[PDB]
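Text of the file coords.cif, holding mmCIF, C-alpha atoms:
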data_run
#
loop_
_atom_site.group_PDB
_atom_site.id
_atom_site.type_symbol
_atom_site.label_atom_id
_atom_site.label_comp_id
_atom_site.auth_asym_id
_atom_site.auth_seq_id
_atom_site.Cartn_x
_atom_site.Cartn_y
_atom_site.Cartn_z
ATOM 1 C CA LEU A 922 0.000 0.000 0.000
ATOM 2 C CA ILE A 923 2.751 2.476 0.891
ATOM 3 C CA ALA A 924 4.690 1.665 -2.277
ATOM 4 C CA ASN A 925 1.528 2.193 -4.326
ATOM 5 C CA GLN A 926 0.791 5.489 -2.565
ATOM 6 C CA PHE A 927 4.357 6.674 -3.173
ATOM 7 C CA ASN A 928 4.202 5.736 -6.861
ATOM 8 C CA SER A 929 0.810 7.396 -7.335
ATOM 9 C CA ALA A 930 2.115 10.469 -5.518
ATOM 10 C CA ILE A 931 5.063 10.702 -7.911
ATOM 11 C CA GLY A 932 2.720 10.288 -10.870
ATOM 12 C CA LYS A 933 0.460 13.031 -9.536
ATOM 13 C CA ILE A 934 3.524 15.254 -9.153
ATOM 14 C CA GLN A 935 4.347 14.606 -12.801
ATOM 15 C CA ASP A 936 0.790 15.392 -13.908
ATOM 16 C CA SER A 937 0.557 18.527 -11.747
ATOM 17 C CA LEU A 938 3.878 19.841 -13.046
ATOM 18 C CA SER A 939 2.807 19.187 -16.638
ATOM 19 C CA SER A 940 -0.655 20.727 -16.257
ATOM 20 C CA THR A 941 0.111 23.769 -14.093
ATOM 21 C CA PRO A 942 2.286 26.372 -15.863
ATOM 22 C CA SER A 943 3.119 28.069 -12.545
ATOM 23 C CA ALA A 944 4.332 24.874 -10.854
ATOM 24 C CA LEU A 945 7.947 26.074 -11.164
ATOM 25 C CA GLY A 946 6.967 29.505 -9.944
ATOM 26 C CA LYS A 947 10.056 30.249 -7.859
ATOM 27 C CA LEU A 948 12.525 29.323 -10.603
ATOM 28 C CA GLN A 949 10.546 31.122 -13.294
ATOM 29 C CA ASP A 950 10.365 34.215 -11.085
ATOM 30 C CA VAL A 951 14.133 34.115 -10.531
ATOM 31 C CA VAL A 952 14.783 33.779 -14.264
ATOM 32 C CA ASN A 953 12.279 36.541 -15.026
ATOM 33 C CA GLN A 954 13.839 38.867 -12.446
ATOM 34 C CA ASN A 955 17.312 38.306 -13.883
ATOM 35 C CA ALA A 956 16.023 38.766 -17.437
ATOM 36 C CA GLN A 957 14.159 41.941 -16.471
ATOM 37 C CA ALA A 958 17.282 43.315 -14.796
ATOM 38 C CA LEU A 959 19.380 42.533 -17.872
ATOM 39 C CA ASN A 960 16.757 43.992 -20.221
ATOM 40 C CA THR A 961 16.509 47.170 -18.149
ATOM 41 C CA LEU A 962 20.304 47.439 -18.094
ATOM 42 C CA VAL A 963 20.356 47.041 -21.876
ATOM 43 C CA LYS A 964 17.541 49.571 -22.314
ATOM 44 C CA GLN A 965 19.402 52.182 -20.265
ATOM 45 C CA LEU A 966 21.825 52.277 -23.191
ATOM 46 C CA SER A 967 18.919 53.801 -25.135
ATOM 47 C CA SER A 968 18.285 56.525 -22.545
ATOM 48 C CA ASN A 969 19.799 59.950 -23.173
ATOM 49 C CA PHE A 970 20.637 60.746 -19.523
ATOM 50 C CA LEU B 533 31.613 46.478 -49.375
ATOM 51 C CA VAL B 534 33.110 43.726 -47.205
ATOM 52 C CA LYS B 535 31.204 40.774 -45.741
ATOM 53 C CA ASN B 536 32.031 38.054 -43.189
ATOM 54 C CA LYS B 537 35.093 40.035 -42.019
ATOM 55 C CA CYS B 538 35.425 42.329 -39.012
ATOM 56 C CA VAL B 539 35.531 45.822 -40.513
ATOM 57 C CA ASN B 540 34.864 49.446 -39.630
ATOM 58 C CA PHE B 541 31.614 50.371 -41.376
ATOM 59 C CA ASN B 542 30.176 53.848 -41.962
ATOM 60 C CA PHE B 543 26.735 53.338 -43.518
ATOM 61 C CA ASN B 544 25.380 56.884 -43.875
ATOM 62 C CA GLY B 545 26.963 57.961 -40.606
ATOM 63 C CA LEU B 546 26.267 55.054 -38.251
ATOM 64 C CA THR B 547 30.054 54.760 -37.792
ATOM 65 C CA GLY B 548 30.189 51.358 -36.135
ATOM 66 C CA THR B 549 32.522 48.356 -35.956
ATOM 67 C CA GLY B 550 31.340 44.819 -36.645
ATOM 68 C CA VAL B 551 31.277 41.887 -39.030
ATOM 69 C CA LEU B 552 28.748 42.059 -41.870
ATOM 70 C CA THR B 553 26.777 38.958 -42.864
ATOM 71 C CA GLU B 554 24.050 38.605 -45.470
ATOM 72 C CA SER B 555 20.619 38.389 -43.850
ATOM 73 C CA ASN B 556 17.336 36.794 -44.893
ATOM 74 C CA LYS B 557 15.275 39.454 -43.098
ATOM 75 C CA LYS B 558 13.069 41.452 -45.469
ATOM 76 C CA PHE B 559 12.977 45.250 -45.243
ATOM 77 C CA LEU B 560 10.069 47.212 -46.658
ATOM 78 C CA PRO B 561 11.114 49.809 -49.259
ATOM 79 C CA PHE B 562 10.444 52.906 -47.138
ATOM 80 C CA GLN B 563 12.369 51.756 -44.065
ATOM 81 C CA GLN B 564 16.167 51.760 -44.079
ATOM 82 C CA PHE B 565 17.707 50.041 -41.050
ATOM 83 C CA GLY B 566 16.617 47.865 -38.156
ATOM 84 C CA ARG B 567 17.149 48.059 -34.397
ATOM 85 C CA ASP B 568 17.398 45.845 -31.323
ATOM 86 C CA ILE B 569 16.425 46.144 -27.658
ATOM 87 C CA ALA B 570 19.409 48.414 -26.941
ATOM 88 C CA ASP B 571 18.366 50.686 -29.846
ATOM 89 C CA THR B 572 21.716 49.940 -31.477
ATOM 90 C CA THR B 573 21.646 49.143 -35.171
ATOM 91 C CA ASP B 574 21.224 45.425 -35.841
ATOM 92 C CA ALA B 575 20.845 45.553 -39.640
ATOM 93 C CA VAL B 576 21.493 48.179 -42.306
ATOM 94 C CA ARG B 577 20.409 48.474 -45.918
ATOM 95 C CA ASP B 578 23.261 49.467 -48.210
ATOM 96 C CA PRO B 579 22.993 52.993 -49.663
ATOM 97 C CA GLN B 580 24.698 52.220 -52.987
#

Can you turn what I pasted into structure tokens?
Amino acid sequence: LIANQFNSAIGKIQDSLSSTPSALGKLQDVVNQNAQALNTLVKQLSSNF
Amino acid sequence: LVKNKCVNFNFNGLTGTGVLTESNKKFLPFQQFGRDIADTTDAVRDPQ
């Protein structure tokens, strides 16, 4: 029973990760923050100052 | 005109340094040159 519950739990993790786009929310937020910082830094080259 | 070699290019006063490669991007007749996020020129149409 415990082996079956563990296997079904892993399968449900797989399905939830696949279905929910925001499952990897922390990592995607980190990547987005870094990308936004880099894009802002690049854009400041376009500012006259 | 020099392609595929790092050269100093002055295309109607852009005055930049870089290597020129032929591009498949299509420019409409009115518009001359393209731009990137940094608003630095990423593609130029030859004047001649």

As a check of understanding, name the residues that the PyMOL selection byres ((chain A) within 9 of (chain B)) selects in the supplied structure, as a PyMOL selection string. chain A and resi 960+962-967

Can you translate the PyMOL selection byres ((chain B and resi 533-539) around 6) into the concrete residues it hits in this file, as a compact mmCIF listing (two decimals) with C-alpha atoms, in the frame of the given file?
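Written file, expr_4.txt:
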# COMPACT_ATOMS: atom_id res chain seq x y z
CA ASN B 540 34.86 49.45 -39.63
CA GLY B 550 31.34 44.82 -36.65
CA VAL B 551 31.28 41.89 -39.03
CA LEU B 552 28.75 42.06 -41.87
CA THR B 553 26.78 38.96 -42.86

Compile the contact shell of residue B:573 as an mmCIF file with C-alpha atoms, keeping the file's coordinate frame: residues with an atom at most 12 Å away, counting all atoms listed in the file, same-chain residues fewer than 2 positions apart removed.
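Now in around_16.cif:
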data_model
loop_
_atom_site.group_PDB
_atom_site.id
_atom_site.type_symbol
_atom_site.label_atom_id
_atom_site.label_comp_id
_atom_site.auth_asym_id
_atom_site.auth_seq_id
_atom_site.Cartn_x
_atom_site.Cartn_y
_atom_site.Cartn_z
ATOM 1 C CA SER A 967 18.919 53.801 -25.135
ATOM 2 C CA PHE B 541 31.614 50.371 -41.376
ATOM 3 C CA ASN B 542 30.176 53.848 -41.962
ATOM 4 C CA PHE B 543 26.735 53.338 -43.518
ATOM 5 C CA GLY B 545 26.963 57.961 -40.606
ATOM 6 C CA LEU B 546 26.267 55.054 -38.251
ATOM 7 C CA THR B 547 30.054 54.760 -37.792
ATOM 8 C CA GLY B 548 30.189 51.358 -36.135
ATOM 9 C CA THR B 549 32.522 48.356 -35.956
ATOM 10 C CA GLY B 550 31.340 44.819 -36.645
ATOM 11 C CA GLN B 564 16.167 51.760 -44.079
ATOM 12 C CA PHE B 565 17.707 50.041 -41.050
ATOM 13 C CA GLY B 566 16.617 47.865 -38.156
ATOM 14 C CA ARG B 567 17.149 48.059 -34.397
ATOM 15 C CA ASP B 568 17.398 45.845 -31.323
ATOM 16 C CA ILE B 569 16.425 46.144 -27.658
ATOM 17 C CA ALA B 570 19.409 48.414 -26.941
ATOM 18 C CA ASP B 571 18.366 50.686 -29.846
ATOM 19 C CA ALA B 575 20.845 45.553 -39.640
ATOM 20 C CA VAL B 576 21.493 48.179 -42.306
ATOM 21 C CA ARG B 577 20.409 48.474 -45.918
#

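Here atom CA of residue A:955 and atom CA of residue A:942 stand 19.3 Å from one another.
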
Just the number, please: distance in Å from atom CA of residue B:557 to atom CA of residue B:580, one decimal.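 Separating atom CA of residue B:557 from atom CA of residue B:580 is a distance of 18.7 Å.
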
What separation in Å, quoted to one decimal, exists between atom CA of residue B:555 and atom CA of residue B:574?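 That distance, rounded to one decimal, is 10.7 Å.
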